[PDB]
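Chains B and A, in that order, are what the protein sequence lines are.
Position 4 (the first sequence) corresponds to 4 in the authors' numbering; numbering is contiguous.
Position 10 (the second sequence) corresponds to 10 in the authors' numbering; numbering is contiguous.
This report concerns only the one structure given below.
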Amino acid sequence: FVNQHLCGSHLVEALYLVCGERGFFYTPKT
Amino acid sequence: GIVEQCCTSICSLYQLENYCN
Ligand SMILES: [Cl-]
Ligand SMILES: [Zn+2]
């Protein structure tokens with residue numbers, strides 16, 4: 001797999017795909 | 001954070017994998 005700049009909802013889209021059933025935390029405050 | 005890691009710089013799906021529950 002390759003790198004890529006993931007920004008805004010595309011990041012959360014990526015996360016969803018990557019994680020799926022496991023779910024994920026989106027926390028831009030870090 | 002992920003914004004910095006993946007938006008400001010670049011990242012892989014493995015790096016993204018670190019944020020799954
Ligand atoms: Cl955009
Ligand atoms: Zn977009």
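C-beta: ideal position from N, C-alpha, C; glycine also.
The closest CA to that of residue 2 (chain A), considering only B:10, B:20 and B:21, is found on B:10.
In summary, residue 17 (chain B) is exposed, with fewer than 16 beta-carbon neighbours lying within 10 Å of its beta-carbon over all protein chains present.
The set of residues with any CB-heavy atom separation to ligand 2 below 6 Å comprises, in chain order, B:8 and B:10.
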